[PDB]
Ligand SMILES: Nc1ncnc2c1ncn2[C@H]1C[C@H](O)[C@@H](COP(=O)(O)OP(=O)(O)OP(=O)(O)O)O1
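Residue numbers (UniProt numbering): 6 to 159, 165 to 199, 212 to 331.
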């Protein structure tokens, strides 16, 4: 009684019992469900397997201070908006900057922003906003800031239940609503034990290295390791460039990928897309595509095919 056919026989018994991707073969490039939201990072998009954050899924983006977490999230908001979506930001950090947001594609003016007082009020006005079935994406700034009713008033219990409760009720909510929920986490190098088991995707955003280009510093090179993923196979990672005051670099992203995929070449550190050269050094080819969007288009259109959709 053949293993191969005796494995899938039962391995299939599992999905049917515990969900879609409860058991995946790290090798499979399967792709049966989409309605995903581009993260504006072609590299991270593919690393996700479904070319973006699955909608209707609770997502967690954790990492140290100044890693790129929120930038990605706002980048998520930018797209879900630019496609006729309604985005809500449950600010509890009071740090969000419109000026930087708007410069990334966020229709600030028409962005719902609620500034809770208690961790409970936050998780409510959020779970409640989700139920209205109007939102497409909702991101919550600072899982840390979500402090309970008391504490704010006066070991003795924990907030980590405040998360299990609202998450229990809210996880099933956005499930049949199609509203993807981003939760932003932080520095340790609590309630994070409940979210770690609900998120259908959990990204680990660490700032791999500092971008310079001969002046002071512009942005940073960020690396993201999708450690949990129930839509596609996990453990894949991606890198990209985040320029100070401009966001993620689509242009420079097309290059990193362009070459890693053999569409552009590198003789003497001189990037060139078949026949016509771009320039020496990366920060210069980035400045090349930054002007001619046609040449960058076909390059974006060539990589779009080379991989899953
Ligand atoms: N308001 C802004 N104006 C200009 N550049 C900014 C602004 N906010 C952030 N940046 C740039 C410089 C930061 O080094 C870079 C990455 O920061 P961010 O992507 O905000 O990190 P982060 O999201 O991991 O930190 P946090 O824990 O607060 O979410 O974005």
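C-beta atoms are modelled at their ideal positions from N, C-alpha and C, and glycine is treated no differently.
Ligand 1 has no heavy atom closer than 7 Å to the beta-carbon of residue 81. Judged by pairs of C-beta atoms under 8 Å, the segment 40-54 does not touch the segment 192-199, as fewer than three such pairs exist.
The alpha carbon of residue 92 has as its nearest neighbour, out of 19, 66, 135 and 226, the alpha carbon of 135. When Cβ pairs closer than 8 Å are counted between the two stretches, the segment 103-110 is seen not to touch the segment 123-137, the count staying below three. Distance from the CA atom of residue 94 to the CA atom of residue 175, rounded to whole angstroms, is 21 Å. Just so you know, the alpha carbons of residue 56 and residue 255 end up roughly 12 Å apart.
Counting C-beta pairs with one atom in each stretch, the segment 143-156 and the segment 25-33 have fewer than three that are closer than 8 Å, which means they do not touch.
The alpha-carbon of residue 220 is positioned some 7 Å away from that of residue 63. Per DSSP, the beta bridge partners of residue 193 are 65 and 145. Taken through DSSP and simplified to helix, strand or coil, residue 290 comes out as helix. Taking the Cβ atoms as the reference, residue 257 lies roughly 15 Å from residue 48, outside the contact range of under 8 Å. Exclusion of residue 291 from the 7 Å shell around ligand 1 follows from its C-beta lying no nearer than that to any non-hydrogen atom of the ligand. Shown here, residue 59 sits in a strand according to DSSP, grouped into three states.
About 6 Å separates the Cβ atoms of residue 173 and residue 217, confirming a contact at the 8 Å cut-off. The three-state secondary structure of residue 11, taken from DSSP, is helix.
As the crow flies, the alpha-carbon of residue 313 is around 11 Å from that of residue 306. Where residue 249 is concerned, the enclosing beta strand (DSSP E) starts and stops at 242-251. Rounded to the nearest angstrom, the Cβ distance from residue 192 to residue 76 is 12 Å, too far for a contact under 8 Å. Annotation: the continuous beta strand (DSSP E) that includes residue 229 extends over 223-232. Distance from the CA of residue 170 to the CA of residue 296, rounded to the nearest whole angstrom, comes to 56 Å. For residue 264, the enclosing beta strand (DSSP E) begins and ends at 259-265. A Cβ-Cβ distance of about 7 Å is found for the pair residue 277 and residue 308, placing them in contact under the 8 Å criterion.
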